[PDB]
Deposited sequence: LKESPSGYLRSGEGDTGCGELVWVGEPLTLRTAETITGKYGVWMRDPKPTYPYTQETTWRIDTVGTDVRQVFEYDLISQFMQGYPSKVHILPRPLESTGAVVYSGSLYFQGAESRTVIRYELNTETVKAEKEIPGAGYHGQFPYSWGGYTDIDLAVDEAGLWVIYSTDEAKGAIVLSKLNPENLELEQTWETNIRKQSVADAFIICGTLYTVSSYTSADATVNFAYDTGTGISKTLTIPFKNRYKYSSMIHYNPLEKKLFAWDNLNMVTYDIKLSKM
């Protein structure tokens, strides 16, 4: 009968995903309406409030909005012109830098936003690019950057892995692959992937209404397992999903509107 408070480390396995809630979309009186992103490790001079938006190929513009009020009005505080075209599907902002795959390359670039400067470039060894290793619906999603509680990751595959998902933990400063895992999950058999507390999760489908989170790979054990967590698709097909470890929510983008999925983890 001796009782203790409910202990919690703040991280654990995913046990519940909520139904999608649609966020209010920002105003743009023009066409422009690219994917937007916030920094899970805000770094001065930016804050939790700061937003960035990718323009729309030759994608080379990134809009920066200091205040949510400026974001919601569609009025950037600064427009970044990047030194090389982007792959919009796998870019992320982390610790004050934009990390992105250079168009038609296997190279990840670190672009420091406050100095508008390339600080690191790293070819992902063996990484396929250009529809060599898509997810389950074509396009050019070969290389996918992700941020979780432990920092920056890259999701990809290689000819050596024969299409299996490979993940590498990246040094956020110099982009070295500090650790690599070769999973036994076939990349083209899932629609998308994200990472929470060091576990890789996959989305079964974006075009089925009642989809699931259907695989998990624990990087602490190297073991993959099947899951059946319900995952509701409610819109014009999401085109990408990002976990934000600061907000502890999943953000799904459908090319205009953003929805959020609440989650619950074990105390683990």
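Within the chain's deposited sequence, the coordinate-free stretches run 1-7, 64-65 in sequence order.
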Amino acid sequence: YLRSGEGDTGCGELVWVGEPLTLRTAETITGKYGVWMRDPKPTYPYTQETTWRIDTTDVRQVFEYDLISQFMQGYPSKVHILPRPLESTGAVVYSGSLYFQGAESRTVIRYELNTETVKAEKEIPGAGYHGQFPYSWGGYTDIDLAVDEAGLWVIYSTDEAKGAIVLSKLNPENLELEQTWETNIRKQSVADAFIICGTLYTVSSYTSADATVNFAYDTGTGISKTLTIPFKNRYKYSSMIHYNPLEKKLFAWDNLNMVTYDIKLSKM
From here on, numbers count along this sequence of modelled residues.
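Stretches 36-44 and 231-239 differ in mean C-alpha B factor, with the higher average recorded for 231-239. As listed in the deposited structure, the average C-alpha B-factor of 203-211 and of 25-33 is greater for 25-33. Residues shown: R186, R110, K169, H130. Highest C-alpha temperature factor in the entry: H130. Per the PDB record, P85 has a higher Cα B-factor than any other of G74, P85, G198, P134. Split the chain's modelled residues into thirds by C-alpha temperature factor. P125 is in the middle one. Annotation for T158: CA B-factor lies in the middle third of the chain's modelled residues. For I54, the recorded CA B-factor ranks within the highest third of the chain. Only modelled residues enter the ranking. Annotation for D192: CA B-factor lies in the lowest third of the chain's modelled residues. The entry lists a Cα temperature factor for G90 that places it in the highest third of the chain's modelled residues.
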